[PDB]
Amino acid sequence: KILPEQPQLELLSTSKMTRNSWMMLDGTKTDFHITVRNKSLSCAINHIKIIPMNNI
Amino acid sequence: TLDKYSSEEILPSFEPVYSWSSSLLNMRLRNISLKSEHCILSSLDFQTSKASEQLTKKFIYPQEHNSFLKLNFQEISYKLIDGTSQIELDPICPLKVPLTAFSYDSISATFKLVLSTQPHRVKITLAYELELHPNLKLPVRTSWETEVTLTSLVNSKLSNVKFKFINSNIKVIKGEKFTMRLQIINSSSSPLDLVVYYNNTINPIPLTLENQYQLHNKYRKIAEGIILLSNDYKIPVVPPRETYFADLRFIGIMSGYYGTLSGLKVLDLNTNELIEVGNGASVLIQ
C-alpha cells in the first residue's frame with residue numbers, strides 16, 4: 001500500500017518556557033504561546049485537535 | 001530464416017550444386033546563521049560581471065567611449081525544493097520585482113528561514129532581459145539549485161544544573177528598580193544551596209595605556225553601574241529534578257548598555273564553584 005504524502009510538526013518553540021519546565025505557585029494561573037511550523041512543502045493539514053493529559 | 005535465405009542464394013554458373021571435396025552577471029549566496037533567534041538568513045547577491053564590461057565595447061556599443069547595459073530583471077525567484085515539491089519564499093523587505101539595472105550594478109536579496117541535521121535545498125531563478133534599443137530585447141532564464149550550508153542559555157561545570165533569565169533583554173529608565181526572574185533548572189542528583197551575589201568592586205587590572213584605561217573603565221562601569229537589592233541571597237532549596245525562580249531586584253545608577261553583565265555570579269555552596277550566570281542578561285538602562 002502506498003499512501004499520499006503526510007506532513008510533520010516540530011514544536012518550533014514555547015514562549016515562557018525553558019526546556020519545557022516552569023513552576024506555578026499553587027493557585028495562580030498563567031498562559032503562554034506555543035509556536036509550531038508545518039515542515040512539509042506541499043501538504044496542508046485541515047485538522048488539529050488538542051488533548052491535555054497529566055501525570056495523575 | 002537460414003533455409004529460406006540459402007534457398008534464395010543464387011547458385012553459380014558452371015558449378016555443381018554440392019561438392020563433397022574442397023554569463024553577463026555573476027552571483028553567489030553568503031548565508032549566515034543566528035542561534036539568538038534560531039533562524040538562518042540566506043542572502044543572495046548578483047552583480048554585473050567583468051564579462052559584461054568586456055562585451056560593452058566589443059559588440060553592444062563599440063563606437064561609444066563609455067556604454068552601459070540595460071538588464072531588466074523580470075523575476076527573481078527563491079524557492080525551496082523537497083523532491084517534487086516546490087514552494088516560493090518571500091523576502092524580508094519588498095523588492096520591486098520588475099527591476100531595471102545598468103552596468104557595474106549589484107543587487108542583494110535576503111530571505112529568512114527557520115534553522116539541525118537536515119540541510120535545505122534552494123532553487124534560485126533569475127529571469128531577466130537585456131534591453132538593447134527600444135524595440136529588440138534578449139531574454140535570459142537562468143536558474144540553479146544548491147543547499148543552504150553555513151549563549152543566552154548557560155550551564156554549570158561538573159554538574160547538570162542550568163540557568164536562564166525569563167527576560168534576558170530588558171530596557172528601563174535609569175533609577176527605577178526592576179526585576180529579572182532567574183530560573184534555575186536542577187536535574188542532576190541532589191538539592192543545591194547556591195547563593196547569588198554581586199560584587200561592586202573594581203577588579204584589579206593585570207599593555208599600552210590605550211588598552212589599559214579601556215579595560216579599567218570596563219571594570220569600573222561593571223562594578224558601580226548596577227546594584228542588587230537582595231545581595232547575598234540564600235536560595236532556599238531546589239530539590240532534584242525541579243526548578244526555582246530566584247526573583248532578583250536591581251537598580252542602575254549609571255546609564256549604559258551592560259551587555260553580558262559581569263559581577264553577578266551565583267556560586268554553588270556544595271563544591272565551591274564560581275559559575276558565571278551573568279552572561280544571560282543584557283540590561284540597557286537609559
# chains A, B, ... in the order shown; residues from 1 in each chain; ligands from 1
$ residues_around --residues "region 21-38 of chain A" --least-positions-apart "2" --cutoff "9 Å" --atoms "only C-alpha atoms" --output "ChimeraX atom specification"
/A:7-19,40-41,43-45 /B:183,185,242-245
$ write_last_selection --atoms "N, CA, C and O atoms" --output "compact mmCIF listing (two decimals), in the first residue's frame"
# COMPACT_ATOMS: atom_id res chain seq x y z
N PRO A 7 2.42 15.36 6.33
CA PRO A 7 3.33 16.39 6.83
C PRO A 7 3.86 16.09 8.23
O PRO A 7 3.59 15.02 8.78
N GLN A 8 4.63 17.02 8.79
CA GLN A 8 5.26 16.84 10.09
C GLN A 8 5.27 18.17 10.84
O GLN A 8 5.30 19.24 10.23
N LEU A 9 5.23 18.08 12.17
CA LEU A 9 5.36 19.22 13.06
C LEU A 9 6.54 18.98 13.99
O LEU A 9 6.95 17.83 14.22
N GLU A 10 7.09 20.07 14.54
CA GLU A 10 8.38 20.03 15.21
C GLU A 10 8.43 20.77 16.54
O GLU A 10 9.41 20.60 17.27
N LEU A 11 7.40 21.53 16.91
CA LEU A 11 7.42 22.35 18.12
C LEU A 11 8.59 23.34 18.07
O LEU A 11 9.61 23.18 18.74
N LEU A 12 8.44 24.32 17.18
CA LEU A 12 9.48 25.32 16.98
C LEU A 12 9.90 25.97 18.29
O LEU A 12 11.10 26.11 18.56
N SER A 13 8.94 26.36 19.13
CA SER A 13 9.31 26.96 20.41
C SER A 13 8.09 27.07 21.33
O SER A 13 6.95 26.82 20.92
N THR A 14 8.36 27.47 22.57
CA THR A 14 7.36 27.91 23.52
C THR A 14 7.85 29.21 24.16
O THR A 14 9.04 29.36 24.41
N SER A 15 6.92 30.13 24.42
CA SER A 15 7.32 31.49 24.77
C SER A 15 7.94 31.59 26.16
O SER A 15 9.14 31.85 26.28
N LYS A 16 7.14 31.37 27.20
CA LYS A 16 7.61 31.49 28.58
C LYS A 16 7.91 30.11 29.17
O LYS A 16 7.37 29.70 30.20
N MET A 17 8.81 29.39 28.50
CA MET A 17 9.29 28.09 28.96
C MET A 17 10.77 27.97 28.64
O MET A 17 11.29 28.66 27.75
N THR A 18 11.44 27.09 29.37
CA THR A 18 12.85 26.78 29.14
C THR A 18 13.00 25.28 29.27
O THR A 18 12.90 24.74 30.38
N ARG A 19 13.24 24.60 28.15
CA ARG A 19 13.36 23.14 28.12
C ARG A 19 12.09 22.49 28.67
O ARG A 19 12.14 21.44 29.33
N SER A 40 6.30 20.36 5.98
CA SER A 40 6.05 19.90 4.62
C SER A 40 5.97 21.08 3.66
O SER A 40 5.59 22.19 4.03
N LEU A 41 6.34 20.82 2.41
CA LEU A 41 6.36 21.84 1.37
C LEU A 41 5.14 21.81 0.47
O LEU A 41 4.88 22.81 -0.22
N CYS A 43 1.88 19.49 1.35
CA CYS A 43 0.64 19.18 2.04
C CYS A 43 0.27 20.26 3.05
O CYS A 43 1.13 20.95 3.60
N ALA A 44 -1.04 20.39 3.27
CA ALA A 44 -1.59 21.30 4.27
C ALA A 44 -2.59 20.54 5.12
O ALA A 44 -3.51 19.91 4.59
N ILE A 45 -2.41 20.60 6.44
CA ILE A 45 -3.30 19.90 7.36
C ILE A 45 -4.58 20.70 7.55
O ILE A 45 -4.55 21.92 7.72
N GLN B 183 15.55 31.67 36.41
CA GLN B 183 15.11 30.28 36.51
C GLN B 183 16.32 29.37 36.60
O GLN B 183 17.25 29.48 35.79
N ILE B 185 17.16 25.47 36.71
CA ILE B 185 16.69 24.11 36.49
C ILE B 185 17.71 23.14 37.07
O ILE B 185 18.84 23.05 36.58
N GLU B 242 13.79 19.64 39.58
CA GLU B 242 12.83 20.70 39.85
C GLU B 242 13.46 22.02 39.43
O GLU B 242 14.66 22.10 39.14
N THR B 243 12.64 23.07 39.40
CA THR B 243 13.06 24.41 39.04
C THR B 243 12.77 25.38 40.18
O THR B 243 11.88 25.14 41.00
N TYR B 244 13.54 26.46 40.22
CA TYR B 244 13.32 27.54 41.17
C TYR B 244 13.39 28.87 40.44
O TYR B 244 14.08 29.00 39.42
N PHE B 245 12.67 29.86 40.96
CA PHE B 245 12.64 31.22 40.43
C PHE B 245 13.34 32.13 41.43
O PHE B 245 12.73 32.63 42.37
$ select_by_dssp --residues "region 4-160 of chain B" --states "strand (DSSP E)" --output "PyMOL selection string"
chain B and resi 25-29+32-34+39-48+71-82+85-88+99-101+106-114+122-130+138-146+154-155
$ write_last_selection --atoms "C-alpha atoms" --output "PDB file, in the first residue's frame"
ATOM      1  CA  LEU B  25      26.329  38.680 -14.282  1.00  0.00           C
ATOM      2  CA  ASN B  26      27.915  36.560 -11.554  1.00  0.00           C
ATOM      3  CA  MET B  27      26.107  35.658  -8.365  1.00  0.00           C
ATOM      4  CA  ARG B  28      26.608  33.959  -5.016  1.00  0.00           C
ATOM      5  CA  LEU B  29      24.945  33.251  -1.674  1.00  0.00           C
ATOM      6  CA  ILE B  32      24.568  33.482   7.893  1.00  0.00           C
ATOM      7  CA  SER B  33      23.031  31.739  10.894  1.00  0.00           C
ATOM      8  CA  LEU B  34      21.550  33.225  14.070  1.00  0.00           C
ATOM      9  CA  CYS B  39      16.919  31.299  12.158  1.00  0.00           C
ATOM     10  CA  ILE B  40      19.241  31.492   9.146  1.00  0.00           C
ATOM     11  CA  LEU B  41      19.329  34.482   6.792  1.00  0.00           C
ATOM     12  CA  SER B  42      20.207  33.325   3.271  1.00  0.00           C
ATOM     13  CA  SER B  43      21.322  36.383   1.293  1.00  0.00           C
ATOM     14  CA  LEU B  44      21.867  36.034  -2.427  1.00  0.00           C
ATOM     15  CA  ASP B  45      23.765  38.753  -4.246  1.00  0.00           C
ATOM     16  CA  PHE B  46      24.214  39.093  -8.002  1.00  0.00           C
ATOM     17  CA  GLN B  47      26.413  41.682  -9.704  1.00  0.00           C
ATOM     18  CA  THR B  48      27.247  42.504 -13.297  1.00  0.00           C
ATOM     19  CA  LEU B  71      19.357  44.410 -17.874  1.00  0.00           C
ATOM     20  CA  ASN B  72      15.717  44.381 -16.718  1.00  0.00           C
ATOM     21  CA  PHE B  73      15.059  41.624 -14.173  1.00  0.00           C
ATOM     22  CA  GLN B  74      11.537  40.345 -14.812  1.00  0.00           C
ATOM     23  CA  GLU B  75      11.605  37.974 -11.846  1.00  0.00           C
ATOM     24  CA  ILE B  76      13.971  36.889  -9.071  1.00  0.00           C
ATOM     25  CA  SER B  77      12.563  33.693  -7.543  1.00  0.00           C
ATOM     26  CA  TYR B  78      13.782  31.950  -4.388  1.00  0.00           C
ATOM     27  CA  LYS B  79      12.206  28.524  -3.868  1.00  0.00           C
ATOM     28  CA  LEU B  80      12.570  25.549  -1.529  1.00  0.00           C
ATOM     29  CA  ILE B  81      12.511  22.031  -3.004  1.00  0.00           C
ATOM     30  CA  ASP B  82      11.705  18.730  -1.283  1.00  0.00           C
ATOM     31  CA  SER B  85       7.686  19.719  -4.023  1.00  0.00           C
ATOM     32  CA  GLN B  86       8.485  23.365  -4.735  1.00  0.00           C
ATOM     33  CA  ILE B  87       7.424  26.408  -2.679  1.00  0.00           C
ATOM     34  CA  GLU B  88       8.304  30.087  -3.057  1.00  0.00           C
ATOM     35  CA  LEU B  99      13.864  45.790 -11.525  1.00  0.00           C
ATOM     36  CA  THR B 100      15.924  47.812 -14.004  1.00  0.00           C
ATOM     37  CA  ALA B 101      19.710  47.721 -13.797  1.00  0.00           C
ATOM     38  CA  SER B 106      24.890  44.645  -7.749  1.00  0.00           C
ATOM     39  CA  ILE B 107      21.638  43.679  -6.025  1.00  0.00           C
ATOM     40  CA  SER B 108      21.207  41.677  -2.818  1.00  0.00           C
ATOM     41  CA  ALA B 109      18.127  39.831  -1.567  1.00  0.00           C
ATOM     42  CA  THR B 110      17.872  38.380   1.946  1.00  0.00           C
ATOM     43  CA  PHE B 111      15.420  35.577   2.759  1.00  0.00           C
ATOM     44  CA  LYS B 112      14.860  34.420   6.337  1.00  0.00           C
ATOM     45  CA  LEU B 113      14.137  30.775   7.072  1.00  0.00           C
ATOM     46  CA  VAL B 114      13.969  28.542  10.131  1.00  0.00           C
ATOM     47  CA  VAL B 122      17.109  26.044  -2.552  1.00  0.00           C
ATOM     48  CA  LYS B 123      16.464  26.954  -6.190  1.00  0.00           C
ATOM     49  CA  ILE B 124      17.420  30.472  -7.302  1.00  0.00           C
ATOM     50  CA  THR B 125      15.931  31.515 -10.652  1.00  0.00           C
ATOM     51  CA  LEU B 126      16.763  34.805 -12.375  1.00  0.00           C
ATOM     52  CA  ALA B 127      14.697  35.677 -15.441  1.00  0.00           C
ATOM     53  CA  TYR B 128      15.843  38.953 -16.986  1.00  0.00           C
ATOM     54  CA  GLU B 129      16.288  40.559 -20.387  1.00  0.00           C
ATOM     55  CA  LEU B 130      18.965  42.741 -21.934  1.00  0.00           C
ATOM     56  CA  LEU B 138      17.269  39.423 -25.484  1.00  0.00           C
ATOM     57  CA  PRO B 139      15.782  37.329 -22.625  1.00  0.00           C
ATOM     58  CA  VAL B 140      17.639  35.020 -20.245  1.00  0.00           C
ATOM     59  CA  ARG B 141      16.051  32.465 -17.886  1.00  0.00           C
ATOM     60  CA  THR B 142      18.920  31.179 -15.756  1.00  0.00           C
ATOM     61  CA  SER B 143      18.407  29.101 -12.624  1.00  0.00           C
ATOM     62  CA  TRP B 144      20.374  26.836 -10.321  1.00  0.00           C
ATOM     63  CA  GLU B 145      19.998  24.719  -7.181  1.00  0.00           C
ATOM     64  CA  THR B 146      22.139  24.229  -4.082  1.00  0.00           C
ATOM     65  CA  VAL B 154      24.246  28.889  30.444  1.00  0.00           C
ATOM     66  CA  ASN B 155      25.244  25.568  32.007  1.00  0.00           C
TER      67      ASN B 155
END
$ select_by_dssp --residues "region 10-201 of chain B" --states "helix (DSSP H, G or I)" --output "JSON, numbers by chain"
{"B": [50, 51, 52, 53, 54, 55, 56, 57, 58, 59, 60]}
$ closest_residue --among "B:191, B:12, B:91, B:256" --to "residue 221 (chain B)" --atoms "only C-alpha atoms"
B:256
$ residues_around --residues "residue 218 (chain B)" --least-positions-apart "5" --cutoff "12 Å" --atoms "only C-alpha atoms" --output "list in words"
residues 201, 202, 203, 204, 205, 211, 212, 213, 223, 224, 225, 256, 257, 258, 259, 261, 262 and 263 of chain B
$ write_last_selection --atoms "C-alpha atoms" --output "PDB file, in the first residue's frame"
ATOM      1  CA  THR B 201      34.435  46.062  43.383  1.00  0.00           C
ATOM      2  CA  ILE B 202      36.768  47.342  40.673  1.00  0.00           C
ATOM      3  CA  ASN B 203      38.516  44.181  39.523  1.00  0.00           C
ATOM      4  CA  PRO B 204      42.305  44.802  39.529  1.00  0.00           C
ATOM      5  CA  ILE B 205      43.800  45.315  36.075  1.00  0.00           C
ATOM      6  CA  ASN B 211      44.175  49.282  26.253  1.00  0.00           C
ATOM      7  CA  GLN B 212      44.793  49.664  29.987  1.00  0.00           C
ATOM      8  CA  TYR B 213      42.360  52.512  30.600  1.00  0.00           C
ATOM      9  CA  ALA B 223      31.420  47.422  39.374  1.00  0.00           C
ATOM     10  CA  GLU B 224      29.482  50.624  40.079  1.00  0.00           C
ATOM     11  CA  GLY B 225      26.826  50.730  37.370  1.00  0.00           C
ATOM     12  CA  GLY B 256      24.543  52.426  29.551  1.00  0.00           C
ATOM     13  CA  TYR B 257      24.431  49.008  27.886  1.00  0.00           C
ATOM     14  CA  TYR B 258      25.545  46.253  30.271  1.00  0.00           C
ATOM     15  CA  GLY B 259      25.552  43.551  27.632  1.00  0.00           C
ATOM     16  CA  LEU B 261      26.765  41.907  32.562  1.00  0.00           C
ATOM     17  CA  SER B 262      29.515  40.564  34.808  1.00  0.00           C
ATOM     18  CA  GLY B 263      29.826  40.847  38.574  1.00  0.00           C
TER      19      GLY B 263
END
$ atom_distance --atom1 "CA of residue 46 (chain A)" --atom2 "CA of residue 92 (chain B)"
27.7 Å
$ closest_residue --among "A:20, A:42, A:51, A:56" --to "residue 5 (chain A)" --atoms "only C-alpha atoms"
A:42
$ atom_distance --atom1 "CA of residue 271 (chain B)" --atom2 "CA of residue 179 (chain B)"
28.3 Å
$ atom_distance --atom1 "CA of residue 153 (chain B)" --atom2 "CA of residue 120 (chain B)"
26.3 Å
